[PDB]
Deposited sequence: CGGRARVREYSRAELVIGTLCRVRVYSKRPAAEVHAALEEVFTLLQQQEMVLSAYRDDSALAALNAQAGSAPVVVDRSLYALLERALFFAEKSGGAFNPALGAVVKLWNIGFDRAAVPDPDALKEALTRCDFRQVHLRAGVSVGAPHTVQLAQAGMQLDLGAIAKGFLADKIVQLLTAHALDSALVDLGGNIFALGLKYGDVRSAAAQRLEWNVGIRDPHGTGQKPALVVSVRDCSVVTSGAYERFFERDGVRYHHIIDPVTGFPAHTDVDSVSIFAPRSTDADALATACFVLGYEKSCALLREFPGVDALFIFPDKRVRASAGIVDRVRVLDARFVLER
């Protein structure tokens, strides 16, 4: 049996999603797996999306301040993990920030900053501790979510791509695949090893925060690892000489003012890397380092505005600088 390399990519969940596979299985088996990957992404866009009016999440948000809503086990599990990271990060990551994000989401569309009293009012409706998850213990008991605070809105944008990458890895493994690179709008999962007959680590690129996105500034060699990066210049608009990016500091209600240009988290679960990258960007370097000591199975790489790069002990020897303007501190 010969090794063959496959890739497929589609526009879905508002971005470019690509999966690359190396396999010795019959091509028809790989094709079926990839068909299912992209069907999964279409289906889950309709479960998780905060943009669409017809999503499961949109329906849940429509019931804020009312009775508990039945959800599938998968959505319940994601919400549980999101609330876990909200608690651990002191709300730096907050999955109930929809009231505020929606004010800034219309700002992006109109290139305009939201009113101050409006933002202050919005922040009163973002207490994630008022998201109540309950699941009975008996056979076939339903999973439920209640949004106790009137007007509160879930927004899972900062954890959903991680969740989907993990679901895709589980699907690929179910199809007896063990070598893939999953890339959901830059949210990466490196499954197994690639092929050169030699097996090699995947070389995951991390962009210049101010780059045009084309070329990586750095590459990191990894196996069985997610790599997720949060940065200011990922998504922003400008008004009167000021840049407003998409990652909100829940204390201020404004885009976070932080001491790093990007943070990349390396974790065995992409769900976790995705939530932590957002939290760490909001928290800044020193507080991120404190948070990450609570997760010894995770590594991190910080790119500072002065182009210094600091990486934790578990990955620093795996980092190669490609753009010599950047310096890896050792």
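A.B. asks: Checking coverage: what stretches of the deposited chain sequence are missing C-alpha positions?
C.D. replies: In the chain as deposited, 1-4, 201-206 carry no coordinates.
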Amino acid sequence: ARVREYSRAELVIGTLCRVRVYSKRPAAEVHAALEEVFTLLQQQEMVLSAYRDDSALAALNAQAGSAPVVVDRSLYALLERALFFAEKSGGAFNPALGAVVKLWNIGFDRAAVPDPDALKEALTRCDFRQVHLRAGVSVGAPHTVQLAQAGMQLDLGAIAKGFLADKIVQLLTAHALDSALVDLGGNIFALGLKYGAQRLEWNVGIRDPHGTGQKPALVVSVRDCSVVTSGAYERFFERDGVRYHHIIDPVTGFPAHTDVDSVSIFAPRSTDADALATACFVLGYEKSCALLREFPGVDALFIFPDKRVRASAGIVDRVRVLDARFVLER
From here on, numbers count along this sequence of modelled residues.
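A.B. asks: Take the C-alpha B-factors listed in the entry for 76-84 and for 167-175, compute each mean, and give the stretch with the larger one.
C.D. replies: Here the higher of the two C-alpha B-factor means belongs to 76-84.
A.B. asks: Per the PDB record, is the mean Cα temperature factor higher over 184-192 or over 244-252?
C.D. replies: Taking the mean B-factor of the alpha carbons in each, 244-252 is higher.
A.B. asks: Maximum C-alpha temperature factor per the entry, among 118, 225, 218, 97, belongs to which one?
C.D. replies: Answer for 118, 225, 218, 97: 118, with the highest C-alpha B-factor.
A.B. asks: Which of these, 260, 158, 204, 106, has its C-alpha atom at the highest B-factor, as the entry lists it?
C.D. replies: If I rank 260, 158, 204, 106 by C-alpha B-factor, first place goes to 106.
A.B. asks: Residue 39: which third of its chain by C-alpha temperature factor?
C.D. replies: Middle third.
A.B. asks: Classify residue 295 as lowest, middle or highest third according to the C-alpha B-factor given in the PDB entry, relative to its own chain.
C.D. replies: Residue 295: CA B-factor falls in the middle third of its chain.
A.B. asks: Once the chain's modelled residues are ordered by C-alpha B factor and cut into thirds, is residue 54 in the lowest, middle or highest one?
C.D. replies: For residue 54, the deposited C-alpha B-factor lands in the highest third.
A.B. asks: Against its chain's modelled residues, does residue 48's Cα B factor rank lowest, middle or highest third?
C.D. replies: Middle third.
A.B. asks: With respect to C-alpha B-factor, does residue 70 fall in the lowest, middle or highest third of the chain as deposited?
C.D. replies: Tercile = highest for this residue's CA B-factor.
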